[PDB]
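Those protein sequences? They're chains A and B, same order as listed.
Residue 1 is where the first sequence starts when you use my numbering, and the numbers rise one by one after that.
Residue 1 is where the second sequence starts when you use my numbering, and the numbers rise one by one after that.
Scroll down for the structure; my scribbles are underneath it.
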Amino acid sequence: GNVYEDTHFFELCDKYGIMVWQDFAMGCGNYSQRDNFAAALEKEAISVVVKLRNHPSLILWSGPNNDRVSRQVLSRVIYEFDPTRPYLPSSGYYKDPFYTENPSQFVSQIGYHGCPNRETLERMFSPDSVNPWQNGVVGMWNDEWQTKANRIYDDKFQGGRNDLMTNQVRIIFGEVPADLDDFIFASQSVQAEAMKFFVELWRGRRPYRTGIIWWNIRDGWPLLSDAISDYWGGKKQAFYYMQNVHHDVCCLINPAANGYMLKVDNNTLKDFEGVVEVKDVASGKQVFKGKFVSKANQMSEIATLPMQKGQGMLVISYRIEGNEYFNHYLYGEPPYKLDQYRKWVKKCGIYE
Amino acid sequence: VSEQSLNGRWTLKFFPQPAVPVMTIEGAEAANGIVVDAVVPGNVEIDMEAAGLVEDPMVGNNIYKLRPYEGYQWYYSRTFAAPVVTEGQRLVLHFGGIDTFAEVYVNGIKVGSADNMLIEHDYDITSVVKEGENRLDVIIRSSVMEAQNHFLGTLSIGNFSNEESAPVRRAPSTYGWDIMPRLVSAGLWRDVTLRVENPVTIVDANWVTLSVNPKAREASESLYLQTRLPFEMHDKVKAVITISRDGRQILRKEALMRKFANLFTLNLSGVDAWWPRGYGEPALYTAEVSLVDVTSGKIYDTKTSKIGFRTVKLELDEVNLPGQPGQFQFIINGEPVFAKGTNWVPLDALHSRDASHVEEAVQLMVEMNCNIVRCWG
Numbered sequence: 001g002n003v004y005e006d007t008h009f010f011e012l013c014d015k016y017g018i019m020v021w022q023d024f025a026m027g028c029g030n031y032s033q034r035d036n037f038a039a040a041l042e043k044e045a046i047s048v049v050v051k052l053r054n055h056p057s058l059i060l061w062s063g064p065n066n067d068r069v070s071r072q073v074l075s076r077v078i079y080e081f082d083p084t085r086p087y088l089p090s091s092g093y094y095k096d097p098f099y100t101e102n103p104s105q106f107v108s109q110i111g112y113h114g115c116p117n118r119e120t121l122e123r124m125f126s127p128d129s130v131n132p133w134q135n136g137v138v139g140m141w142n143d144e145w146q147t148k149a150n151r152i153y154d155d156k157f158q159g160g161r162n163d164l165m166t167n168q169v170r171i172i173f174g175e176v177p178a179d180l181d182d183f184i185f186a187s188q189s190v191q192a193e194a195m196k197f198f199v200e201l202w203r204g205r206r207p208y209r210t211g212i213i214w215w216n217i218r219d220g221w222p223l224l225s226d227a228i229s230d231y232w233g234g235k236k237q238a239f240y241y242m243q244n245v246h247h248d249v250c251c252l253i254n255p256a257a258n259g260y261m262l263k264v265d266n267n268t269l270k271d272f273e274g275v276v277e278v279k280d281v282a283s284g285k286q287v288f289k290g291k292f293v294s295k296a297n298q299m300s301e302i303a304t305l306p307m308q309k310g311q312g313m314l315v316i317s318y319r320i321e322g323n324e325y326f327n328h329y330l331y332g333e334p335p336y337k338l339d340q341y342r343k344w345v346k347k348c349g350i351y352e
Numbered sequence: 001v002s003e004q005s006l007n008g009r010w011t012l013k014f015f016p017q018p019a020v021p022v023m024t025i026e027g028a029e030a031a032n033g034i035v036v037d038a039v040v041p042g043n044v045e046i047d048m049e050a051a052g053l054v055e056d057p058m059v060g061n062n063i064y065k066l067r068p069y070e071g072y073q074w075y076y077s078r079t080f081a082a083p084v085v086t087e088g089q090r091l092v093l094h095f096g097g098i099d100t101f102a103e104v105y106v107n108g109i110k111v112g113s114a115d116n117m118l119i120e121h122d123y124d125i126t127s128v129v130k131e132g133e134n135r136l137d138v139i140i141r142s143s144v145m146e147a148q149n150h151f152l153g154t155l156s157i158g159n160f161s162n163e164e165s166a167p168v169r170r171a172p173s174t175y176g177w178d179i180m181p182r183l184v185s186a187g188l189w190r191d192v193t194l195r196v197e198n199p200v201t202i203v204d205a206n207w208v209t210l211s212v213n214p215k216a217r218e219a220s221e222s223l224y225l226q227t228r229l230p231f232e233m234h235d236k237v238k239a240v241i242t243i244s245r246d247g248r249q250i251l252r253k254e255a256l257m258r259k260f261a262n263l264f265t266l267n268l269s270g271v272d273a274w275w276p277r278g279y280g281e282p283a284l285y286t287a288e289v290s291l292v293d294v295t296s297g298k299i300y301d302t303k304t305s306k307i308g309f310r311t312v313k314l315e316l317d318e319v320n321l322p323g324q325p326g327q328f329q330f331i332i333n334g335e336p337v338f339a340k341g342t343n344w345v346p347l348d349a350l351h352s353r354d355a356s357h358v359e360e361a362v363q364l365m366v367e368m369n370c371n372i373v374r375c376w377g
């Protein structure tokens with residue numbers, strides 16, 4: 001749905017070792033099968049392929065099985081002008097079996113909504129519209145928050161995409177906080193735990209799972225979206241959660257049949273040794289502590305942790321080569337108590 | 001009606017191609033070049049050696065001394081008397097071979113633009129020809145420089161065939177191979193003639209052997225005939241088909257032309273099948289078709305060619321490497337023939353001399369007793 005980024009974007013991806021999966025500018029829906037559209041698209045594909053085919057970061061081109069666009073026009077361009085890269089004609093509880101039973105090895109995670117940082121709300125909303133509740137009614141959004149939910153045409157209605165925010169907060173924390181700052185932290189915490197769970201769930205299911213690309217790191221406009229950082233650079237709570245589960249060597253906990261499985265995932269070509277410690281936040285009881293060997297380019301099971309009582313949150317402290325890395329795991333079933341969850345994150349000392 | 005030949009002595013003016021190639025007569029005459037006598041059909045290198053301007057490229061390293069001329073232009077020019085054309089008749093200017101990218105002018109009017117040295121080129125000059133002396137001008141540009149009008153795909157670069165050969169329709173071996181030298185050359189390397197066609201004329205006579213029975217000396221032959229036929233001539237012209245061999249007429253069939261395109265099937269008796277060497281005789285029959293006026297008896301056109309009653313089928317292997325190269329056998333007239341023969345490479349780097357070597361070269365295969373020959377791409 002986006003334009004083709006210019007040369008400098010690929011230069012930074014080349015410099016910082018970030019592989020690029022490039023879609024052709026095609027949106028949701030089927031397109032024309034006639035000569036005029038094919039010729040206009042062939043001219044575009046040939047131009048963009050010759051311009052970008054020299055960047056090492058670029059690794060793939062991407063475009064019912066009779067679509068001339070994806071199965072002919074775009075494929076012929078790649079066949080003649082870039083035979084070195086593959087071409088792929090591809091055209092509310094986060095622990096629901098809808099997510100946890102995805103059969104795809106390479107997943108495009110849908111992402112979870114999250115209210116931006118308060119500074120962004122006061123910058124893109126009118127002073128009277130900073131508070132989301134119209135006339136103070138908990139359940140209703142004003143006309144401005146509905147606009148920042150992407151209402152393409154000014155059709156006055158109530159509900160829709162904006163309900164995705166309060167629904168997620170209600171599933172995890174029971175009720176929707178009336179206070180604005182209590183709502184921002186709650187909605188950001190839901191997005192933070194949900195997105196962290198997806199990355200940990202796919203890293204922990206290797207070698208069958210081969211990749212995960214989530215929606216998304218940054219917004220292109222001051223909006224209420226499922227991105228983890230806004231247009232003005234405001235990193236949401238999810239950004240920091242994802243950062244700790246994106247490490248080259250990450251110790252994480254996955255749900256198991258009769259408890260939890262402590263594991264370590266290696267996204268490098270080198271082996272590593274370390275020591276991991278698992279403790280409960282509130283009680284401080286050490287659940288597990290021992291040495292692990294993280295073999296290269298694979299995930300390794302460390303130990304099966306016994307099931308804990310009720311709700312709570314665990315602390316995963318692991319040291320590799322004299323560097324202390326940290327992670328956590330929220331155990332129990334929702335709804336959780338927002339003040340109690342805030343106490344767990346505070347006592348843990350990983351985030352703020 | 002007639003075929004006047006334009007072969008013979010022409011005027012050849014050559015000069016280095018400028019940044020903007022010369023496409024017009026004015027620019028060709030304005031360019032500073034050398035004018036020498038030329039022979040058609042011919043190659044420009046032959047005309048310059050006749051003028052004492054280039055050494056014999058067949059001797060020593062003289063072949064490399066033709067390198068600068070790959071970026072030259074070649075201006076053929078001659079006059080010709082116009083044949084007599086009556087109402088409805090068409091005057092066609094026929095080129096057997098233009099090498100390669102040329103603009104053809106007749107009396108200062110562009111009648112065509114050529115860009116393929118391997119096929120014939122025919123232009124209708126009926127409306128541009130004048131009574132008396134006419135002028136014919138052909139301005140050829142550099143074939144090598146023509147390649148830079150294209151952007152090659154990745155797979156077109158680095159192959160054994162020259163990159164200059166990829167985007168143009170020329171013989172790839174002319175750019176250099178391991179068996180044939182690099183000699184791009186240029187010129188009118190085949191016949192140039194003037195053809196007069198009646199309003200009633202044969203467009204194509206396609207002979208097809210449907211079936212053959214060599215034992216019973218029978219064959220079913222089809223004639224796919226396409227003609228140009230004015231509607232005033234519908235039902236007034238007849239097609240006269242004639243099959244003969246060694247002067248003896250085998251069949252004479254007549255049919256009224258009620259359409260411009262018809263299919264004629266002939267069930268023949270006492271006819272021998274065409275066989276490759278060793279497997280029998282290469283029996284050929286003269287197949288002639290003429291469009292004749294039913295009333296006046298005027299013969300409007302006649303197409304004659306020697307055909308052979310033969311069927312070919314390629315039986316592909318389905319067990320020992322099915323689909324891999326070489327896993328097939330030719331089935332001629334129902335029999336599995338064993339093919340033994342040679343590959344056909346260019347007869348001459350200057351291809352206008354090809355026709356002068358065909359007789360000797362084919363006779364080599366006859367002495368060798370080749371029943372097959374593959375004409376190399």
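Just so you know, even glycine gets a beta-carbon here, dropped at the ideal spot from N, CA and C.
Simplified DSSP assignment, three categories, for residue i
i             : result
residue 30/A  : coil
residue 365/B : helix
residue 180/B : coil
residue 43/A  : helix
residue 351/A : coil
residue 273/A : strand
residue 94/B  : strand
residue 12/A  : helix
residue 254/B : strand
residue 48/A  : helix
residue 224/A : coil
residue 202/B : strand
residue 372/B : strand
residue 320/B : coil
Where residue i meets chain A, residues with beta-carbon distance less than 7 Å
i             : result
residue 155/B : 80, 83
Terminal residues of the alpha helix (DSSP H) in which residue i lies
i             : result
residue 201/A : 180-203
residue 16/B  : Counting along the chain, residue 16/B falls outside any alpha helix (DSSP H), though it belongs to the beta strand (DSSP E) covering 8-16.
residue 167/A : 163-173
residue 119/A : 118-124
residue 338/A : 338-348
residue 79/A  : 74-81
residue 244/A : 237-244
residue 145/A : 143-147
residue 100/A : 97-100
residue 307/A : Run containing residue 307/A: none; DSSP gives neither H nor E here.
Limits of the beta strand (DSSP E) - the one that residue i falls within
i             : result
residue 172/B : Neither: residue 172/B is in no beta strand (DSSP E) and is coded neither H nor E.
residue 344/B : 341-344
residue 330/A : 323-331
residue 219/B : 218-228
residue 211/A : 211-214
residue 127/B : Per DSSP, residue 127/B belongs to no beta strand (DSSP E) and is neither H nor E.
Where residue i falls, given that 16 or more other Cβ within 10 Å makes a residue buried
i             : result
residue 69/B  : buried
residue 333/B : buried
residue 289/A : exposed
residue 307/A : exposed
residue 120/A : buried
residue 242/A : buried
residue 121/B : buried
residue 299/A : buried
residue 115/A : buried
Any non-hydrogen atom of the ligand COA within 8 Å of residue i CB
i            : result
residue 25/A : The model depicted lacks the ligand COA and carries no ligand whatsoever.
contact_flag[the segment 144-157 of chain B, the segment 72-86 of chain A] where n(CB pairs < 8 Å) is 3 or more: yes
Three or more C-beta pairs below 8 Å linking the segment 187-194 of chain B and the segment 5-20 of chain B: yes
Cβ contact (3+ pairs, closer than 8 Å) linking the segment 102-111 of chain B and the segment 128-145 of chain B: yes
Sufficient close CB pairs (3 or more, under 8 Å) joining the segment 212-219 of chain B to the segment 114-126 of chain B: no
Segment contact, 8 Å Cβ cut-off, at least three pairs: the segment 232-239 of chain B with the segment 267-283 of chain B: no
Segment contact, 8 Å Cβ cut-off, at least three pairs: the segment 161-180 of chain A with the segment 91-107 of chain A: yes
Cβ contact check for the segment 326-339 of chain A and the segment 246-264 of chain A: 3 or more pairs under 8 Å: yes
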